[PDB]
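Student: take these chains first, placed just as they are in the complex:
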Amino acid sequence: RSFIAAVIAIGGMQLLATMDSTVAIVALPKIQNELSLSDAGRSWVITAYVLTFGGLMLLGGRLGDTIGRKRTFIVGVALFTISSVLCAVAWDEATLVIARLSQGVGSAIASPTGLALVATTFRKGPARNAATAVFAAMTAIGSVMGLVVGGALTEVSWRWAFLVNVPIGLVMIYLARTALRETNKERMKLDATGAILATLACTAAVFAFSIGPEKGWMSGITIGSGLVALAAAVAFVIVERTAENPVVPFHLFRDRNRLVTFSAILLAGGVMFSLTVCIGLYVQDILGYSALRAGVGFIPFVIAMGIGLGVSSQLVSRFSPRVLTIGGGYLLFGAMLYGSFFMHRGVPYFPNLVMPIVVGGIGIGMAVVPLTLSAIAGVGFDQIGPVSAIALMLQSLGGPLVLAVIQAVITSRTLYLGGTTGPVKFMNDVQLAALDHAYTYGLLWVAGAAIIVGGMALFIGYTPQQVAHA
């Protein structure tokens, strides 16, 4: 009863953050009709969360070492819960932007500490292997359960959708309080100069990337904010050399296989993120299931992924992470190919749409566990903080980058086959068929990116003794 309570508490922020993002996206169209925030404000509610979530993410990595990882986890989750309540009672656009800024700060504080708690709370061995599976298992639960909740309690009001996090947030705080123990180690002085430059460099980069399309890539404020990011980034590296308790220990990333493992997650995260966002759009637009039905139809993915994580936790003590990652990705590669050849509009559900999802889910579940274990292997307690933060940012950073390329490919072929750029509802059913074949074509590009991840995963070379089995 103490072990199940501990694992659930550590992964709580993963469930909340993933679920919040899915619920926010689903409710965007209805927020217009009530607040009337125009198209410009449509994207600000989304970028507002990401502006502070990514800008302050590396600050939260080192924050646990100077304050305490348990007291940082509770504070991060508590602030996130309070922000949801405020977000649900926003009377104008202004209140909603500040409400979303607060959520990003709360997620930035807690998300890196959640992964760092896995390494320190559980000793290396079977305990850590099971904890990692539960950590990754409920990241997918939040995504699917968001679709069900967001698509169900949205025909009454969008405000109630944001209130669903309060019952969940309260439980995780209670479990974390009554299941986690505070380590008795002396606190470490925070890196002042290195931290401010890192926060200023990351936030400026995200602002310029987000505002670029709105104002144009060469507007003047886009590259104008890009200049600050480069100046901030440059200064950050120089003062890191003579930094005590470094925010980013660059010396820790040498020509060894640490770069390979951290490069795989960056591109692997991009493949995963672009795969869910495209599949979600395809189901809603081309097949027209709607939000509630799509969420219920993806329940087998969670069950299928649960099997993959459960099996991989046992095998990770006997096979190296190299073979498991390749073995898991081999099943996923077959799933994408089948969906790229026999996935036209009008097919039934159980024969055609369920099987590739189930097989794809098992393949992903098998490969997630070995990668996470090797990312936090052979670090220690005085550098697990920053290393955990770097692992998650690369996973999050790879999402938008790969997705941008895929969406560009989708649009280009839509016009080639005969198509129109705009809302799907105004389509003559011959332009729609072009959109259907554009999405199927894009699935080949995602598969191509998966091959690169597999190829670069052959260089990892970790043995099962190091990552686990101790």
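Tutor: Happy to help now that I have it. Numbering: from 1, shown residues only, chains lettered A, B, ... in the order given.
Student: once you drop chain neighbours, what's closest to residue A:451?
Tutor: Leaving out its chain neighbours, the residue that sits closest to residue A:451 by C-beta to C-beta, 6 or more residues apart in numbering is residue A:333, at 7.5 Å. C-beta: built from backbone N, CA, C; applies to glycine.
Student: so that neighbour touches residue A:450, yeah?
Tutor: Yes - here residue A:333 reaches residue A:450: they are 5.9 Å apart, a contact under C-beta atoms under 8 Å.
Student: what's the host helix or strand of the residue nearest to residue A:451 in contact with?
Tutor: Residue A:333 is located in helix A:321-339, with elements delineated by DSSP states H and E. Residues external to helix A:321-339 that are found in contact with it (C-beta atoms under 8 Å, 6 or more residues apart in numbering): A:264, A:275, A:308, A:312, A:315-316, A:355-357, A:359-360, A:362-371, A:373-374, A:440, A:443, A:446-447, A:450-451, A:453-454, A:457-458, A:460-462, A:464, A:467.
Student: got phi/psi on residue A:189?
Tutor: Residue A:189 adopts backbone torsions of phi -60, psi 130, taken as degrees, to the nearest 10.
Student: how about the contacts made by residue A:320?
Tutor: By C-beta under 8 Å, 6+ apart, residue A:320 lies in contact with A:460-464.
Student: one more pass at 10 Å, please.
Tutor: By C-beta atoms under 10 Å, 6 or more residues apart in numbering, the contact list for residue A:320 reads A:370, A:374, A:460-467.
Student: so which of those residues is surrounded by the most neighbours?
Tutor: The residue in the contacts of residue A:320 with the most neighbours, by other C-beta atoms under 10 Å, is residue A:370 (32 neighbours).
Student: ok, it touching residue A:308?
Tutor: No - applying C-beta atoms under 10 Å as the test, residue A:370 and residue A:308 come out as separate, 11.3 Å apart.
Student: among the contacts of helix A:321-339, which are in helices?
Tutor: Among those, the members falling in helices (DSSP state H) are A:264, A:275, A:308, A:312, A:315, A:355-357, A:359-360, A:362-371, A:373-374, A:440, A:443, A:446-447, A:450-451, A:453-454, A:464, A:467.
Student: of those residues, just the buried ones, ChimeraX syntax please.
Tutor: In ChimeraX syntax, the buried subset of the ones in helices among the contacts of helix A:321-339 is picked out as below (16 or more other C-beta atoms under 10 Å):
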select /A:264,275,308,312,315,356,357,359,360,362,363,364,365,366,367,368,369,370,371,373,374,440,443,446,447,450,453,454,464,467
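Student: so which bits of the top helix by length along chain A are buried?
Tutor: If you go by DSSP H, chain A has its longest helix at helix A:384-416. Using 16+ other C-beta under 10 Å as the test for burial, helix A:384-416 gives A:384-399, A:402-403, A:406, A:410, A:413-414.
Student: which helices and strands does that helix pack with?
Tutor: In terms of contacts (3 or more C-beta pairs under 10 Å, 6 or more residues apart in numbering; DSSP states H and E), helix A:384-416 is packed against helix A:38-55, helix A:57-67, helix A:69-87, helix A:93-121, helix A:192-215, helix A:258-282, helix A:355-375, helix A:431-456.
Student: put together JSON lines for the ones you listed, with distance to residue A:182 on each row.
Tutor: Formatted as JSON lines, these follow (distance: least, C-beta to C-beta, whole Å):
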{"stretch": "helix A:38-55", "distance to residue A:182": "26"}
{"stretch": "helix A:57-67", "distance to residue A:182": "11"}
{"stretch": "helix A:69-87", "distance to residue A:182": "5"}
{"stretch": "helix A:93-121", "distance to residue A:182": "11"}
{"stretch": "helix A:192-215", "distance to residue A:182": "23"}
{"stretch": "helix A:258-282", "distance to residue A:182": "30"}
{"stretch": "helix A:355-375", "distance to residue A:182": "25"}
{"stretch": "helix A:431-456", "distance to residue A:182": "39"}
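Student: could you also fit chain B onto it:
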Amino acid sequence: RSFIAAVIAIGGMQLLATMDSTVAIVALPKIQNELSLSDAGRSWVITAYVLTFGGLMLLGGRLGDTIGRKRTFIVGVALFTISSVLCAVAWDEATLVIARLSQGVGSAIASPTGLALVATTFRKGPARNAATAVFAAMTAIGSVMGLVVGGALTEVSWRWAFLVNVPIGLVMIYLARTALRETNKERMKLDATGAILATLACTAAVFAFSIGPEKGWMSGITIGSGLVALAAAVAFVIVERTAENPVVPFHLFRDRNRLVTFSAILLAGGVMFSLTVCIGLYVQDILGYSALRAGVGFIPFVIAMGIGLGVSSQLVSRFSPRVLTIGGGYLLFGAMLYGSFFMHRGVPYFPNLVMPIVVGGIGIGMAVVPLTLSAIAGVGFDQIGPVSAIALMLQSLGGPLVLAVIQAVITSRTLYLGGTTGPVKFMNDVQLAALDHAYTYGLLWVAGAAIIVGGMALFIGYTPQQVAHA
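Tutor: That brings us to chain B, laid onto the chains above:
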């Protein structure tokens, strides 16, 4: 009975050609002990057969039209059969070389006509699909049965090995005589100047490549012969513009998907060729099975190959060649990955060495049939001759090229891990472990080549209406 006799007769030369090459390589060591032809003579017996087999191949494409395909086939097999008897009673080195040269001339005339008879004898539809399966099926039966025969009666004398072709050749001549019909059409005059230059251009290039390693790549005769090959090639193309009944119709090869198809066969043949040669060497040297046991152990591959060919023949009329080629290659890709990870020395036979061979066999069987059908699609009768000849040359030419790269990689890593270059009988059993890991490392390189074939097979774009089902 009539149909069965026709398909067997047409594919006869594939069985003989593949069996003869496998038997010759096995009996090379003893030909030294009796004839005493020295190390220099070791390669002339092999290169003699390939010098004329590749030199005269393009002349045999257009021979069928000027005299007749049935008569050309019988003449080609007959001269091959007579040469084997003369090869079996060679007095010394000299008599053996002319014995091997004659076999190459006979196989050059009959092999291109064998594939042409498939297109012109069976109308497009289920008949052709079945005929294509048998044509590719007996290529593997000859390969495996060569090892058994070459390892079974090699302990008494190498002269009995070459006489095994005589009983098989005599049956195939009888079947072709009483099962194939002579076509009643007017003959087309043979291209004198174009044919002569092509034989000179191709023969000189093969000679230069073969003798280069012996005398060095910059000896003077190596590049000296290469100049003659280049001079012949340019003269061949210039005259070929104003040629009647052209030997090589370049105009037939345009930017359409014929180049993509013919490019895949060139590289696909290399992957297939390098896979059997390397696997045979690994089995004999590392596992120490011996020739007879290796031949008997590869029987499941033939049965697995037969199942893949049979299934693909039925599916080719419902699914395009693009998906079948990818589907078959996907199974093979998994088989080679498994071998690259769990194929150390001393593993048992049934669980480890059989299953990857069986799975790989089905993958290859599925992919060859769609590729063969698409290679002879949309051609006609007045140009089937040269097109079939080009298909075989590209398949055979891709073998040595890809194999040379793979062998260099295996040799380089053997020294890296600690080993020696030389006979495998004088290794320390620590130097042999390095060789074992080198072979499995090379298998990944073959997988890299296989991926490129799949990537370039996505551009085929033939519908099932064109290649079959008509």
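Student: since we added chain B, can you redo the nearest residue to residue A:451?
Tutor: Residue nearest to residue A:451 in three dimensions, not counting chain neighbours: residue B:451, with 6.6 Å by C-beta to C-beta, 6 or more residues apart in numbering or on different chains.
Student: now do residue A:421
Tutor: In space, residue A:421 is closest to residue A:411, 6.8 Å off (C-beta to C-beta, 6+ apart).
Student: mind listing what's buried along stretch A:267-284?
Tutor: A:267-276, A:278-280, A:282-284 (16 or more other C-beta atoms under 10 Å in any protein chain shown).
Student: residue B:208: which of the residues you listed is nearest?
Tutor: residue A:267 (44.8 Å; C-beta to C-beta).
Student: contact partners for the closest residue to that closest one other than its chain neighbours?
Tutor: Excluding the flanking residues, the one nearest residue A:267 by C-beta to C-beta, 6+ apart is residue A:453, at 5.1 Å. The neighbourhood of residue A:453, defined by C-beta atoms under 10 Å, 6 or more residues apart in numbering or on different chains, consists of A:263-272, A:325-326, A:329, A:367, A:371.
Student: now do residue A:292
Tutor: A:26, A:147-155.
Student: before we move on, the earlier item: what about the helix holding residue A:333, near chain B?
Tutor: Yes - interface with chain B: helix A:321-339 contributes A:322-323, A:326-327, A:330-331, A:333-334, A:337-338 (C-beta under 10 Å from any C-beta of the partner chain).
Student: by neighbour count, which of those wins?
Tutor: residue A:326 (22 neighbours; other C-beta atoms under 10 Å in any protein chain shown).
Student: list the contacts of residue A:295.
Tutor: A:22, A:26, A:143-152, A:280, A:289.
Student: how close does residue A:66 get to residue A:93?
Tutor: 36 Å (C-beta to C-beta, to the nearest Å).
Student: same check on residue A:405?
Tutor: 32 Å.
Student: which residues of the stretch 301-450 of chain A lie near chain B?
Tutor: Going by C-beta under 10 Å from any C-beta, the residues of the stretch 301-450 of chain A near chain B are A:319-320, A:322-323, A:326-327, A:330-331, A:333-334, A:337-338, A:340-342, A:444, A:448.
Student: now with 6 Å?
Tutor: Counting by C-beta under 6 Å from any C-beta of the partner chain, the stretch 301-450 of chain A comes close to chain B at A:323, A:341.
Student: can you report how many residues lie near residue A:182?
Tutor: 9.
Student: should've said residue A:44
Tutor: For residue A:44, the count of nearby residues is 19 (other C-beta under 10 Å).
Student: that one - nearest residue in space that isn't next to it in sequence?
Tutor: Using C-beta to C-beta, 6+ apart, the nearest residue to residue A:44 is residue A:97, at 6.0 Å.
Student: go ahead and confirm that neighbour touches residue A:47.
Tutor: No - counting by C-beta atoms under 6 Å, residue A:97 stays clear of residue A:47, with 9.6 Å between them.
Student: more neighbours, these two?
Tutor: The neighbour count for residue A:97 versus residue A:47, taken as other C-beta under 10 Å, is higher for residue A:97 (20 against 17).
Student: would you mind measuring from the more buried one to residue A:211?
Tutor: 14 Å.
Student: and for residue A:6?
Tutor: 42 Å.
Student: who has more neighbours, those two?
Tutor: Neighbour count, other C-beta under 10 Å: between residue A:6 and residue A:211, residue A:6 has more, with 21 against 17.
Student: now the helix or strand hosting that one: buried residues?
Tutor: With secondary structure defined by DSSP H and E, residue A:6 is part of helix A:2-10. Using 16+ other C-beta under 10 Å as the test for burial, helix A:2-10 gives A:6-10.
Student: how about residues contacting that helix?
Tutor: A:114, A:117-118, A:131, A:134, A:172, A:175-176, A:179 (C-beta atoms under 6 Å, 6 or more residues apart in numbering or on different chains).
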